[PDB]
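Each remark here refers to the structure printed beneath this line.
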Amino acid sequence: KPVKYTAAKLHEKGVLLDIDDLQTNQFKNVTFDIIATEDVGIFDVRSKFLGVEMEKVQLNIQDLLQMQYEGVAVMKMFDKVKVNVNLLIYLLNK
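Residues 1477 to 1570 (the UniProt record's numbering) make up the sequence shown, in order.
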């Protein structure tokens, strides 16, 4: 069962900082599905644009925790999608 968040909701919440080359009036057209996997630490994240899956990434919460240890606040969850590490870890653990 995917948990779905629009880019706009994640932007409002502070999880998402920006999407390169997307006007903020297009954030409503971007949706992220976050899907559990057979590993408790690993999440399958799909990036959709107007209902179409454009890319996907597997995120291991331990890789995020390692970032929280270089004192890194933000990452690029997709080459264009900047996200806040601490808020993402909280989201994935919720």
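Beta carbons: idealized from backbone N, C-alpha and C, even for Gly.
- For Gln-1544 and chain B, any beta-carbon pair shorter than 8 Å? Among the protein chains of the structure shown there is no chain B, as only one such chain exists.
- Message: Just to confirm the assignment: which complete beta strand (DSSP E) runs, minimum length 3, are found wholly within the segment 1480-1509?
- Response: 1492-1495
- Cβ pair count under 8 Å reaching 3, the segment 1477-1492 against the segment 1533-1542: no
- Just the C-alpha distance for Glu-1488 and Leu-1526, rounded to the nearest angstrom, thanks. 19 Å
- Out of curiosity, what's the CA-to-CA distance linking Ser-1523 and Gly-1547? 26 Å
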